[PDB]
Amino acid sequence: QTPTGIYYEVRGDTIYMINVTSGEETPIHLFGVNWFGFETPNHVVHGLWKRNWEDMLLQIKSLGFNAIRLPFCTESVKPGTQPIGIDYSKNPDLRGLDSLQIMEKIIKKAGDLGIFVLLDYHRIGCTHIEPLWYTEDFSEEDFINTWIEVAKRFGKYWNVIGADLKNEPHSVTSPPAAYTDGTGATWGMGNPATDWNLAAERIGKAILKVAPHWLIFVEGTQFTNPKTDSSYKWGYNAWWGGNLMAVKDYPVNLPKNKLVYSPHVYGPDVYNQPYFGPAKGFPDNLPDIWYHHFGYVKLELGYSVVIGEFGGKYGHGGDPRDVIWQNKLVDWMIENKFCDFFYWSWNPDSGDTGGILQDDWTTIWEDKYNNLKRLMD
């Protein structure tokens, strides 16, 4: 049932942490941040050229976060991969360590601070998010085996809550083509080699055989199938990882008490969506859009929904409607009790969203954080 003594499960739509010996159960909320870098050519979380890694985790904790989503790529989780872009004078305890050992040290320190860690297989290579969970040189079996290896190693850390199976399944062509051309993910189209709802079952089952105490976080696709996407006016304008419209008729066939649906949702800094125009009713039109793309998965179907990424520059060098967008999204999360999320990102070096930290890697954006701090309380 668990190698750590801790078992994570969904009851109703709320995540619980269960101590299996004592029987004790506590509902947890994830107030999270993404700290990226393990999925990149750096092979390490970013910012260690300016900061000490432990000081970073203390800063994250000081702001009330209790969860980190940790993106990784295949190479960072293999022994011997060398990280790039570390200041060793600021990080002397990291001299000699390869990418995997720094991942371990960061997870163990997070657990010491009571911070839960969600592992996110973000990229198969270390350059960009592939639309599918395999490539010409890296098969679905290779993807699964890598998850199995990750789950064997990191399932022994009590604070790791589970596996976000593949970051942002999406399409690289337009519909109606994208449904059949084999280049992108689908959901409910029928082909198990493209249908993320079938692939998530295959990958999730394998993980749960080796880490039965983990949760399985399953993101949306960008497009699903034509009947579902055509059923809603904004059905073709969901984000990568953000279309969960096919959950109702095509649910992932995994145990409900182990499954979390994890949509990504963004504002005008990422893409100038037509519904971000006032001409189309922004921002008061957003609760219905969110509700259709993903929110009904909790509010109508009662599954656990954790927002895996959301963020934006909040008016600092980007589109100033982002301020209105983030405020409205937090208002809606508070009203609808979506209390579990991971902000994108802690890092400032995200080109279309910036981060909680400013470009000095030290000072936070006070306004952007003050809005987020409303979800925390």
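One rule holds for the numbers: they count along the sequence shown, beginning at 1. So that the term is clear: the rigid core is the largest set of C-alpha atoms that superpose within 1.5 Å between two forms.
In terms of root mean square C-alpha deviation after superposing on the rigid core in 4 other deposited structures of this protein, the stretch standing farther out between 319-327 and 22-30 is 22-30. When the two stretches 64-72 and 41-49 are set side by side, the higher mean Cα temperature factor goes to 41-49. Here 319-327 and 346-354 are compared by their mean Cα B-factor, and 346-354 comes out higher. The residue among 249, 164, 181, 104 whose C-alpha carries the highest B-factor in the deposited model is 181. Considering 209, 264, 258, 170 together, the PDB entry gives 209 the largest C-alpha B factor. Placement of the Cα temperature factor of residue 139 within the chain: highest third of the modelled residues, per the deposited record. The deposited CA B-factor of residue 176 belongs to the highest third of values across its chain.
Ranked against the other modelled residues of its chain, the C-alpha B-factor of residue 220 as given in the entry falls in the lowest third. For residue 241, the recorded CA temperature factor ranks within the lowest third of the chain's modelled residues. In this PDB entry, residue 370 carries a Cα temperature factor that places it within the middle third of its chain's modelled residues.
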